[PDB]
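Spelled out from the first residue to the last, the chains are:
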Amino acid sequence: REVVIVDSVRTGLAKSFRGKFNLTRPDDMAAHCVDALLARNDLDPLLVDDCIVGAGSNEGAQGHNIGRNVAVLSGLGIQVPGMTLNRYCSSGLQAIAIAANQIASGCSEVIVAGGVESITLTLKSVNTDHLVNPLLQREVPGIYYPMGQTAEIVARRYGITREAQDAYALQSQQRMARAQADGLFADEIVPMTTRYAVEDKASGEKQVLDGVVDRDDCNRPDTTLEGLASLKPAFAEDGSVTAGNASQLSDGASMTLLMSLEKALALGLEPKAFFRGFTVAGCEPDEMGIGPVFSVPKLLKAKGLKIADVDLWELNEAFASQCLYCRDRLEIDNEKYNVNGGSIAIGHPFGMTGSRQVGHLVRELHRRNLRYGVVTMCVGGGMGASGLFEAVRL
Amino acid sequence: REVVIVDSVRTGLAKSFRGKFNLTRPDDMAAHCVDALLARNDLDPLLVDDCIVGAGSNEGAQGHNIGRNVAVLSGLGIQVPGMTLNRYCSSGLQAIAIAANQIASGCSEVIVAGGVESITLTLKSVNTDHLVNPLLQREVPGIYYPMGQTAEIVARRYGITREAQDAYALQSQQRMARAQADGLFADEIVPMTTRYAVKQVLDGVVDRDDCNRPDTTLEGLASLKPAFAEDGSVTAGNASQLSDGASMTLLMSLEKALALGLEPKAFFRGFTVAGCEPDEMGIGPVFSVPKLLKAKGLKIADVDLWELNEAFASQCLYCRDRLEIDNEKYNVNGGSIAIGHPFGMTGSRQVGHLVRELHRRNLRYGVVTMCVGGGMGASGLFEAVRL
């Protein structure tokens, strides 16, 4: 049974702590995206069978089964069930794969799926009771290494130079700035009205202000190689990984409307892409960045494709060090790889990224009249996740 | 692409707080179940594609992506990925559904899926930071009602009497006691060695469910005080107990089970969910069950056995009678009123028990279904393999 993406919309990505989502709840952010899918597709909310929300943090602002509460806050209401999942950085893609495979089984027709992260409200809000398994810490200490530490381990282990990382970061900033100037995000970003907190550091003046998030605000079109080369190492005193060649902390949500081809047809909605499969693979936690080099080959083999058959890649730019290792280990064409840049420029709100990448990949396949794209990403804890999508060509 | 349950094993359910799992970590409990699946099926760990763990709490003792950590702790190790999910009470069944649909897609061959709950280590360990959405509490206050309050609302709204609740609770105790005496949980339960607290630490063995009371009487149940309202009908005796435990299920394509020379126990035949009013979450199955039977071309009559979670006698009676299910085919070995409802593991326990009972009674179709905190029903269809 064939399953299509009909639509995918997200918030802008707003800098965490300081930006215009710093008081906005992630449940409300994801519900706003669901409301946009309903309005844009003139969709009867009673037709939606489920609401699947991925998130890295599943507690506090992201506790109490955020996927169900997202459904109830949105126009879907109490009639539409919902669930939450965590495969950290892959969660938004994982949600979409689960939605697609549930529709493929014949037991659902229409699902909204994606993810959210309020890094602002969840990063430093962590239940530490019994959090560490002493036996894991002894057997696989990598399970508890900070992500930036694994980014330095990958740069050193695989010889990814500072210079190569900064050349990659610059490419991401330039490609993102061009795609912004060309309006390539105008259809994927839905504006959201907020209240947000400011403090002047010089006056001590706190205010809550009225705001709108209507674009990604974390990127720096003026970035230069010399600028990146001057930055201090973020994770090791003699290090290569910096704030400039690493993904930024940003807040946001992305949600994806999936249905059977049969149902899209009956509703007179235009399919944008087919879901064509998903894989995950495990690797050493201390080098979690290399995940995709294990998950991508599994996916292409399951689906009868070679690297060369893939027209576009969205491989999450968690760190230039791992993003480059994956590109070069898999021997992917740089001209087909993160063609509008990514998380180095706009940030990585863990839960949402995979759904953002799918929504963007599908629009760019259509814009370039291409066929196959892969969304793939490393995952904290030592995994790769990979999803294959196929543009509907007329 | 046909997907089969090859095996399913679980811990015993031990009383939360005072029982023999009161110092035992939920990751270690689920990892124990994975290790039993590997040993019982002579299974190379490198054939396992994923490890899916459902849990109600996803923080503290159940934080840090418990699904991945269960894989790494187990004989699976770092090569096998894992994930965590929460659809509270249905999580163990939701995990199995995801595994089966993933294998059905052709992108995996072998997955371990199930759930865990340490009520002991998580019930009172809740990050309250920004937990309540004030708009949601205003629009749908039922989203935040205690589960027992929703059980009292179901008894009141649907006229499920104290007397009917108690008679159902006694049935669960008697059916559980008979099945337990006859060894019907022996194959599914994997004994676990523990250290537990009585303030002194003792060596223990969890080798069975310890919450059930075969000596239960109607007269004893009628003497209990209401648990959730001063004028209530729902009691500790006609509600699920607090217990700790884990269940994991081994799924494969039928092709792979045959290549490995393993006996398929049951086909996975589909999974539905449905939304309902949170304040009456207990009735959720009356919405999910019809969607599942309609999707698969079945009627109530086609189903030989039901596992419908005994969260509370009030809702478990309502669902049985609203769906017009024969009590003789319904929770035939009792359930959570007798042994407890460790939220994340229940669905996997129900699957593992149902596939065995279908095989033992030479029956064809069974349904695992449950109400879900937040206002949902989940329903899964299994079909015993003819061999």
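Note on numbering: every chain is counted from 1 along its sequence as written, possibly out of step with the entry's scheme, and residues lacking coordinates are dropped from view. Chain labels run from A onward and ligand labels from 1 onward, assigned in the order the entries are written. The basis for every side-chain value is the complete set of non-hydrogen atoms in the structure, without hydrogens or water.

Method of determination, as given in the entry header: X-ray crystallography; reported resolution: 1.8000 Å.

Student: Residues and numbers for helix α13 (residues 350-367) of chain A, please.
Tutor: Residue and element names in this part refer to chain A. In this model, α13 (18 residues) spans 27 Å end to end at C-alpha, consistent with the 26 Å of a helix rising 1.5 Å per residue. Of all 18 residues making up α13, 15 are buried, and the element is well covered by its neighbours. Every helix listed is a DSSP run of H or I at least four residues long, and every strand listed is a run of E at least two residues long, numbered separately from the N terminus. Once α13 ends, the next one or two residues include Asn369, with phi positive near 45°. Multiplying 1.5 Å by the residue count of a helix minus one yields the expected span of that helix. Classification of residues uses two cut-offs on accessible area relative to the type maximum, computed with a 1.4 Å probe and protein chains only: under 20% is buried, over 50% is exposed, and between them is partly exposed.

Student: Can you lay out unusual backbone geometry for me, pointing to particular residues and giving the numbers?
Tutor: Its identity as a non-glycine residue notwithstanding, A:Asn369 has a phi of 45°, on the positive side. Counting through the fold element by element, A:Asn369 comes out in the loop between α13 and β11 (372-379). A:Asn369 sits in the exposed class, given a relative accessible area of 52%. At B:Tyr88, a residue that is not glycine, the phi angle is positive and equals roughly 30°. Within the secondary structure layout, B:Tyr88 lies in the loop between β4 (82-86) and α3 (91-104).

Student: I'd like a rundown of helix α10 (residues 285-296) of chain B, residues and numbers included.
Tutor: With twelve residues, α10(B) should reach 16 Å at 1.5 Å per residue; the first-to-last C-alpha distance of 16 Å fits that figure. Note on contacts: a residue pair is in contact if any heavy atoms of the two residues lie within 4.5 Å. Those residues of α10(B) that are buried lie in contact with β9 (266-275), β10 (305-308), α11 (313-322), β11 (365-372) and β12 (376-384) of chain B.

Student: Which residues make up the packing of aromatic side chains, and what are the values?
Tutor: To pair, rings of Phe, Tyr and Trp, with the six-membered ring standing in for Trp, must have centres within 6.5 Å; the planes then decide the type, stacked if under 30 degrees apart, edge-to-face if over 60, and tilted in the middle. Counting across every chain of the model gives nine aromatic pairs over all chains. Judged by centre distance (6.0 Å) and plane angle (70°), the ring pair of B:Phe268 and B:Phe382 falls under edge-to-face. Residue B:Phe268 is found in strand β9, and its partner B:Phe382 is found in strand β12; the two are separated by 114 residues along the sequence. Across the pair, B:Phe382 and B:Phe268 agree in class, each one buried. Counted as over-ring charges are cases with an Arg CZ or a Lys NZ within 6 Å of the ring centre that also lie within 35 degrees of the ring normal. The ring of A:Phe17 has A:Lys124 sitting right over it, with the charged end atom 4.7 Å from the ring centre. The ring of A:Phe274 carries the charged tip of A:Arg276 above its face, separated from the ring centre by 4.3 Å.

Student: So what's going on with the UniProt feature "active site" (unreviewed entry) in chain A? Which residues, and what values?
Tutor: Residue and element names in this part refer to chain A. UniProt positions are given in the numbering used here, feature names are shortened, and annotations may be inferred rather than shown by experiment. Using the residue numbers shown here, the UniProt feature "active site" (unreviewed entry) corresponds to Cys89, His348 and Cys378. The largest pairwise C-alpha distance within this set of annotated residues, which runs over 290 residues, is 11.9 Å, so the set is compact in three dimensions. In this fold, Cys89 is placed in the loop between β4 (82-86) and α3 (91-104). Apart from residues lying up to four places away in sequence, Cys89 is in contact with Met147, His348, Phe350, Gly354, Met377, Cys378, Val379 and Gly380. Tracing the sequence through the fold places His348 in the loop between α12 (343-346) and α13. Taking relative accessible area as the criterion, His348 reaches 4% and is therefore assigned buried. Not counting the four nearest positions on each side in its chain, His348 is found in contact with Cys89, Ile119, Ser247, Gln248, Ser250, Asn316, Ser343 and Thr353. Counted as a polar contact is a pair of N or O atoms within 3.5 Å, where, for protein atoms, one must be capable of donating a hydrogen and the other of accepting one, and residues adjacent in sequence contribute only when both atoms are in side chains. A polar contact of 3.4 Å, which involves the side chain of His348, links it to the side chain of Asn316.

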